[PDB]
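Structure record follows, encoded as structure tokens.
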Amino acid sequence: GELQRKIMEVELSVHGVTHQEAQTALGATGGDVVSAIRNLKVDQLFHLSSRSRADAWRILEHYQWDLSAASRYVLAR
Ligand SMILES: [Cl-]
Ligand SMILES: [Cl-]
Ligand SMILES: [Mg+2]
């Protein structure tokens, strides 16, 4: 149904996210897939960059919400 489809969409939209993390994120947004994906992308980048969560958000914005591009940026030496 809708809820299964939504959890799958979240999990497939964010590299590295588990099914459990997708469910938790979507529960926190009341089933709003777009907000769950945003929050999970920030989370993933935050854990990869060990920056502040607001700085991870700012990097994601600079990369036009592309987590792959933002992640390659934070990992570049
Ligand atoms: Cl996003
Ligand atoms: Cl590059
Ligand atoms: Mg389960």
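Each chain in the structure tokens gets a letter, A, B, ..., in the order shown, and its residues are numbered from 1; ligands are numbered from 1 in order too.
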Residue set, segment 12-60 of chain A restricted to alpha helix (DSSP H), as a VMD selection string: chain A and resid 12 to 13 19 to 28 33 to 49 53 to 60
Surrounding residues as a PyMOL selection string, ligand 3, max 12 Å, only C-alpha atoms and all ligand atoms: chain A and resi 4+7-8+18-24
Keeping only C-alpha atoms, write the selected residues as a compact mmCIF listing (two decimals), in the first residue's frame.
# COMPACT_ATOMS: atom_id res chain seq x y z
CA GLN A 4 5.02 0.42 2.12
CA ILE A 7 9.12 3.61 3.09
CA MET A 8 10.65 2.00 0.01
CA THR A 18 18.47 1.23 6.54
CA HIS A 19 14.81 0.16 6.45
CA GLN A 20 14.61 1.00 10.16
CA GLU A 21 16.04 4.49 9.64
CA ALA A 22 13.58 5.08 6.78
CA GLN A 23 10.62 4.06 8.95
CA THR A 24 11.75 6.20 11.87
Env. residues ligand 2 / 10 Å / only C-alpha atoms and all ligand atoms / as a PyMOL selection string: chain A and resi 69-70+72-73+76
Restricted to C-alpha atoms, what would the selected residues look like written as an mmCIF file, in the first residue's frame?
data_model
loop_
_atom_site.group_PDB
_atom_site.id
_atom_site.type_symbol
_atom_site.label_atom_id
_atom_site.label_comp_id
_atom_site.auth_asym_id
_atom_site.auth_seq_id
_atom_site.Cartn_x
_atom_site.Cartn_y
_atom_site.Cartn_z
ATOM 1 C CA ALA A 69 28.037 15.383 -4.834
ATOM 2 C CA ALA A 70 28.001 16.805 -1.297
ATOM 3 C CA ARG A 72 32.332 13.594 -2.537
ATOM 4 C CA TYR A 73 33.037 17.213 -1.577
ATOM 5 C CA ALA A 76 37.965 15.427 -0.846
#
For atom CA of residue 39 of chain A and atom CA of residue 77 of chain A, the interatomic separation in Å (one decimal):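 Result for atom CA of residue 39 of chain A versus atom CA of residue 77 of chain A: 26.0 Å, one decimal.
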Taking only residues of chain A that have an atom at most 7 Å from an atom of ligand 1, what is each one's shortest atom pair and its distance in Å to one decimal, using only C-alpha atoms and all ligand atoms, in chain and number order, as a Markdown table?
| residue | atom | partner | partner_atom_place_in_ligand_line | distance |
| --- | --- | --- | --- | --- |
| A:34 | CA | ligand 1 | 1 (Cl) | 6.7 |
| A:37 | CA | ligand 1 | 1 (Cl) | 5.7 |
| A:38 | CA | ligand 1 | 1 (Cl) | 3.9 |
| A:41 | CA | ligand 1 | 1 (Cl) | 6.6 |
| A:65 | CA | ligand 1 | 1 (Cl) | 5.1 |
Nearby residues (only C-alpha atoms) at most 12 Å from residue 59 of chain A, same-chain spacing under 5 positions excluded, as a ChimeraX atom specification: /A:41-42,45-46,49,51-54,64-74
Interatomic distance, atom CA of residue 36 of chain A to atom CA of residue 58 of chain A (Å, one decimal):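 Result for atom CA of residue 36 of chain A versus atom CA of residue 58 of chain A: 17.2 Å, one decimal.
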Distance in Å - atom CA of residue 30 of chain A versus atom CA of residue 44 of chain A: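 Answer for the atom CA of residue 30 of chain A to atom CA of residue 44 of chain A separation: 20.4 Å.
Nearest to residue 5 of chain A of all the residues A:33, A:17, A:48, A:25 is A:33, counting only C-alpha atoms.
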